[PDB]
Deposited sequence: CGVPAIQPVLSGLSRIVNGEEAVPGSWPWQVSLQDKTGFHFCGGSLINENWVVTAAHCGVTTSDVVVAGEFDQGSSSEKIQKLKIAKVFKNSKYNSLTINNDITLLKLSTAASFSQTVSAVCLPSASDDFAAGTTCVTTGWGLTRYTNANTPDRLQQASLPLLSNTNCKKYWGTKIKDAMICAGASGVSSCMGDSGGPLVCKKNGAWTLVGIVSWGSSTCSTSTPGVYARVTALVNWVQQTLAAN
């Protein structure tokens, strides 16, 4: 896990304004979530061939589909896997008013076929420490909400929650983590999309997109679900189903 067969290329432009285009297939856990009608509404991350992790505030149901292997949402030409959802597991601690504990698991009906362009992100241990100032990467088609239809990426640093409160105040809870405000926007991440950091040669899922600056400010950090705080619940859910 965490080692793409097609390696990401990250340039200085990933650090400013709205990031830059990714190399196709270089973020192989990134999936798109489409509703009954084919409309892309959220992101998510494969954690193995049968399970996708996304945000609870996406409100995914079993009439939505998981789309793997995608790069260009405007191309009907690329090999993709449209996978049906058999069951949705929303974290019971999710507070839909503060958006705290913002995580949901999706169990697929049939397994994805892992390949060079479809494979799993690594999950952290609950005890892992990702320090403030660490450069991490967020990816998604979140800029289409306002414009390129190809997968974008940005490099942005983690913040301590204390420093994140200077921007967002009391909305920041312990199961949250912030990144950005470094002169680059966080809006390329879809709701539910990944924030990953490279630990010992492998990319690890550190955050899930919860919300960001209402104006895509380059000086306002994104707020993510903190995966260390929720990974025990993830592993308990996989073991019981």
task = Write out the missing regions of the deposited sequence in sequence order, one range per stretch.
result = 147 to 150
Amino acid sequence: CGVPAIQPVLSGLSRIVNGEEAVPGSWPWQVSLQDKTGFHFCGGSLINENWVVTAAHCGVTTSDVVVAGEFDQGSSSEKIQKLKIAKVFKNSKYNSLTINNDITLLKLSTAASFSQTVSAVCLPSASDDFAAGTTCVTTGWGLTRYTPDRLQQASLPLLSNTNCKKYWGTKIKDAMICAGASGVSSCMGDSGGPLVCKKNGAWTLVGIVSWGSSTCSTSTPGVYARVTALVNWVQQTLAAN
From here on, numbers count along this sequence of modelled residues.
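Here the rigid core means the biggest group of C-alpha atoms that line up within 1.5 Å when the two forms are laid on top of each other.
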task = Would you mind working out which of 210 to 218 and 192 to 200 sits farther from this form in 9 other deposited structures of this protein by RMS C-alpha distance, with the rigid core as the fit?
result = 210 to 218
ask   = Once the rigid core is matched, which of the two stretches, 180 to 188 or 34 to 42, lies farther off on average in 9 other deposited structures of this protein by C-alpha?
value = 180 to 188
task = Report, as yes or no, whether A229 is left without coordinates in at least one third of the other compared entries.
result = no
ask   = Between us, would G19 come up missing in a third or more of the other compared entries?
value = no
ask   = From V137, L105, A131, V118, can you pick the one with the highest C-alpha B factor in the entry?
value = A131
remark   = Chain thirds by Cα B factor, record data; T61 belongs to the highest
Ranked C-alpha temperature factor of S182 among modelled chain residues, by third = highest
task = Consider only the C-alpha atoms of the modelled residues in this chain, order them by B-factor as the entry records it, and name the third containing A126: lowest, middle or highest.
result = highest
task = Grab the CA temperature factor for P28 from the record and place it in the lowest, middle or highest third of its chain.
result = lowest
ask   = Lowest, middle or highest third of the chain for the C-alpha temperature factor of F71?
value = middle
